[PDB]
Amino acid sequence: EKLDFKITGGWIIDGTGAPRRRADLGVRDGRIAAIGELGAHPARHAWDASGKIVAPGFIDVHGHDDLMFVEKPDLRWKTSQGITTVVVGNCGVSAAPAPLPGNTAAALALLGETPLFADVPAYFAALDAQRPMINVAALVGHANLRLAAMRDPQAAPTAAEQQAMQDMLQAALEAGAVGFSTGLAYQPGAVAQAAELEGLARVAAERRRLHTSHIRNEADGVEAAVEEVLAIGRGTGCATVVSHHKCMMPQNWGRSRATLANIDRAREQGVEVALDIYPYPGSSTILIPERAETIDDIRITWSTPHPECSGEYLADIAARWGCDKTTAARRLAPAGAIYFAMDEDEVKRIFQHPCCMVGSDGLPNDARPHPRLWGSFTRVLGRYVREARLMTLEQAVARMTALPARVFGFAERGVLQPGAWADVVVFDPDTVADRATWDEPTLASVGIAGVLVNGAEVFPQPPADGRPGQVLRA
């Protein structure tokens, strides 16, 4: 039977960690139909991967693209760096459920302006009707749960409200969500205590779903923050993921030796724990005035009242206005910024941890976004692998494909084997690299030759009509 697609002459890195091998890949009906010698096998479409690596499409485990499938459907920032699947709904904020009227959170800005969906069924229904460019898996945000269940999201939950959040989570999981996420460093999630988080974790654990977490603090209290989420995992048995693990500010550089040691103690005990990072020593999120005098070079990524300030340093803005930085930060609100506060050598060491995946944490609606939006995966392949030799290409690809599939429960994805979905990326190992910079954060990567999502090409030429992405219902 004729193949729908075939990629020949290249070297296959299947995601299992096994050594790259010279073989061709055949696709039919959206799945990998065969692997081996296909030179003379007829196919509707064919790519010459000579001198290239053929690997499973990359899985971005830390996306905030929840509302982009409707707002900016091209998702070019993902496809251009080899991403074929994204896990959205991170750091406590998700597309659904919708908050109670009048309930809001600054962190919701990490998603966009599109009105949130009533519930996961509605969100997934919207995605089925308007298929995404790439595959989409979704987490339900703890912030959403609180904002949807509590008349006063700043208080302690009543027994009924706690049960309401658990029931909302249960419904989301039954609908296909892969778990729930927390944003303990943000309001209103920060108000939550152990009992509240454990309750949700029990619901997730019972269904073998995840608890991903943007921990309480990633600076002076980073060790306590990691211990807090590990305690929840050890007590409930809920699989856990520590989002964009890092140590902010010089006095905290190196503390990942302690946090990773704690993570290791937890996984040795049987708790499923993983983590992820983006390959940059600067973070990016909402502008926090309390950091005005603790971190230098705070650079604005967006500002509703002062859009002219995107790309500018808080200190320069303050000096120009004749006020202090904290005051300037308050006048810029609501806004976002980049915080250059990590040690690149530490980011690299964290990535080397056996359970570390890659999460771009791109913020698609920012006027002047952090470059991780467009160059995370290719920066790992070019800077961390080819340049720094932190691990082999085979090992790195595994971190971007098979490991995420294992952690998030994606059957028939993340590996190049017959029968699995044909999410594939073809790239030149010697040239693959990010081009997005701090000044020009939207420059596309180089070295990515082609990308297939469920057997259909999305890069370099995206589909004219319906897109090939699927909602990955757990």
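Residue positions are given as counts along the sequence shown, with the first one as 1.
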| property | result |
| --- | --- |
| Mean C-alpha temperature factor, higher of 150 to 158 and 324 to 332 | 150 to 158 |
| Stretch with the higher entry mean CA B-factor, where the candidates are 173 to 181 and 239 to 247 | 173 to 181 |
| Candidate residues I59, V426, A433, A411, the one whose C-alpha B factor the record puts highest | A411 |
| Selection from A143, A125, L393, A402 [criterion: highest C-alpha temperature factor in the record] | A125 |
| Chain thirds of CA B-factor: placement of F117 | highest |
| Lowest, middle or highest third - CA B-factor, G221 | middle |
| Ranked C-alpha temperature factor of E198 among modelled chain residues, by third | middle |
| Within-chain third of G375 by Cα B-factor, per the entry | lowest |
| Ranked C-alpha temperature factor of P42 among modelled chain residues, by third | highest |
